[PDB]
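For reference, the structure is listed below as structure tokens.
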Amino acid sequence: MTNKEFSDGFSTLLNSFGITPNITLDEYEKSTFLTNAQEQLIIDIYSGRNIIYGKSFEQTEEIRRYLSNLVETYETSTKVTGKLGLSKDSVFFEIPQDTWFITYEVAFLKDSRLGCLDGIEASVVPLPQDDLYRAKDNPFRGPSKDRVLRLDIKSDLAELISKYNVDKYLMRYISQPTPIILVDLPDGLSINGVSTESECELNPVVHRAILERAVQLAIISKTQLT
Amino acid sequence: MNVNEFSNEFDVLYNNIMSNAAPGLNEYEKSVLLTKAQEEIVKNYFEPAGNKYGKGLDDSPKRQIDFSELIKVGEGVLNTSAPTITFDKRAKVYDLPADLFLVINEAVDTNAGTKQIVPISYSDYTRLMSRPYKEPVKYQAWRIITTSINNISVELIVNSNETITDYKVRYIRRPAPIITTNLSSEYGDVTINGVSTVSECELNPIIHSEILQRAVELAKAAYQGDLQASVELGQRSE
């Protein structure tokens, strides 16, 4: 569905300007509620907390077809120099700053010590800080040629603890979806920092579910004190 | 029924049957009372509370057919002829037709399609400009009356990045006076609303009897002349 179709369906479902009591929204309010419904729905889908679906990020074909258009791949070889880490062999990499959740995260290694295995792809294991001390020396869950520990730190950074030098850092995350903005908003206004029209980038399959959730949010907004 | 029939039946209903007959009315007086009755009937019938039935402009077939001959459609002229101070920075000033009595429907044709104009009140203006958006809904536009001289000037507020192509106004034309005879005189030309020539009732014949009855009632109230009659029959001026 397009922005015009989004607005028209929103009005039709809300029974705007009908004879019965009803609710009429501005295009800014329609955009706000559509964006809120979109982001709520995709977060609930990713966490598997939607009772209707009850499935996780890629647990079935339906959810794949829903959130296929947020999956973005990223590559980086630059390392942030001045930072204080929890180990000597700690390197820091920037995050793209539009990430929502990291779903695939792997690290290529370039070191002489692992001879004839150079350029080995290594599995970045997100490790909590409780386990870090007892995982540094762990030969089965600690850093090694086939495994790297990533700890999240401030300023959108990723502290990669490896026994070998880390050359490249690969990611595949869920991106910020573009907001659903149905009209070029006036000066000052914006949704997610976007002022112009913005079409939903997901598939049309989930557009109608987003519309239903946005409508429900609208009625909740108008009918939370009565 | 033409002006001659108004005057003749006015005499018949006023003083040709009454027992202790009163002095007959001059044609200027009859024309005055007929015009006043015309405006009074129009104002009574436009507002539901103004008449005994509780029915307004379009609340029954009779009320439709009453104003059928008084409805007119025109266009507002863009008021870029001279500079002016608009209350709202993003409002385009338009001038309504001179012969305007009441506005019942307005519409504006923009590049984004036709949009119905909603006349927003001053309290609704204050409420709506307190919200973050400050623009109309999708298929409507907003309107407020601005500095008007000799004719109504109107401020149209549309959504951003929209240009107005035309501004049609379905209004009720100002009724023309009912004048029985050429009021030209050597002693001085008298006029009802600026016209001394004969002027027929330009409304449907369905309400000609109604206007005549109201004229007779006003004539007899003036004849009585006490404060009571004037006060109770002024309640229907509205």
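Identifiers in this document derive from the order of the structure tokens: chains are assigned A, B, ..., residues are numbered from 1 separately in each chain, and ligands are numbered from 1 in order of occurrence.
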
What are the nearest atom pairs, with distances in Å to one decimal, for all residues of chain B that come at most 12 Å from chain A, using only C-alpha atoms, set out by chain and rising residue number as a Markdown table?
```
| residue | atom | partner | partner_atom | distance |
| --- | --- | --- | --- | --- |
| B:90 | CA | A:186 | CA | 11.3 |
| B:112 | CA | A:183 | CA | 11.4 |
| B:128 | CA | A:26 | CA | 11.0 |
| B:131 | CA | A:28 | CA | 10.6 |
| B:132 | CA | A:189 | CA | 7.6 |
| B:133 | CA | A:28 | CA | 6.5 |
| B:134 | CA | A:186 | CA | 8.9 |
| B:135 | CA | A:26 | CA | 7.8 |
| B:136 | CA | A:26 | CA | 7.0 |
| B:137 | CA | A:26 | CA | 4.9 |
| B:138 | CA | A:27 | CA | 6.6 |
| B:139 | CA | A:26 | CA | 10.1 |
| B:140 | CA | A:26 | CA | 10.5 |
| B:141 | CA | A:26 | CA | 11.9 |
| B:158 | CA | A:186 | CA | 11.8 |
| B:159 | CA | A:186 | CA | 8.7 |
| B:160 | CA | A:186 | CA | 6.4 |
| B:161 | CA | A:184 | CA | 8.2 |
| B:162 | CA | A:184 | CA | 10.8 |
```

Neighbours of residue 74 (chain A) within 7 Å (only C-alpha atoms; same-chain residues fewer than 3 positions away dropped), as number ranges by chain? A: 170-172

Each region 74-180 of chain A residue no farther than 9 Å from region 38-61 of chain A, nearest pair in Å, only C-alpha atoms, as CSV:
```
residue,atom,partner,partner_atom,distance
A:101,CA,A:46,CA,8.9
A:103,CA,A:57,CA,8.9
A:176,CA,A:39,CA,8.9
A:177,CA,A:39,CA,7.7
A:179,CA,A:38,CA,8.3
A:180,CA,A:38,CA,8.2
```

Distance CA of residue 171 (chain B)-CA of residue 75 (chain B), one decimal place?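 Separating CA of residue 171 (chain B) from CA of residue 75 (chain B) is a distance of 10.2 Å.
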
Write out as a VMD selection string all residues of region 198-234 of chain B that DSSP puts in alpha helix (DSSP H) for this structure's backbone. chain B and resid 208 to 224 227 to 234

Test item: residues at most 8 Å from residue 103 (chain B), only C-alpha atoms, excluding those fewer than 6 positions along its chain, as number ranges by chain: B: 169-172

Name the residues in contact with residue 238 (chain B) at a cut-off of 12 Å, using only C-alpha atoms, excluding same-chain residues fewer than 4 positions from it; report them as a ChimeraX atom specification. /B:36-37,39-51,232-234

Exercise: region 157-165 of chain A partners within 6 Å, only C-alpha atoms, chain neighbours under 5 positions left out, as a PyMOL selection string: chain A and resi 90-95+109-111+143-144+148-152

Quick one: distance from CA of residue 99 (chain B) to CA of residue 151 (chain B) in Å, one decimal?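 CA of residue 151 (chain B) lies at a distance of 8.7 Å from CA of residue 99 (chain B).
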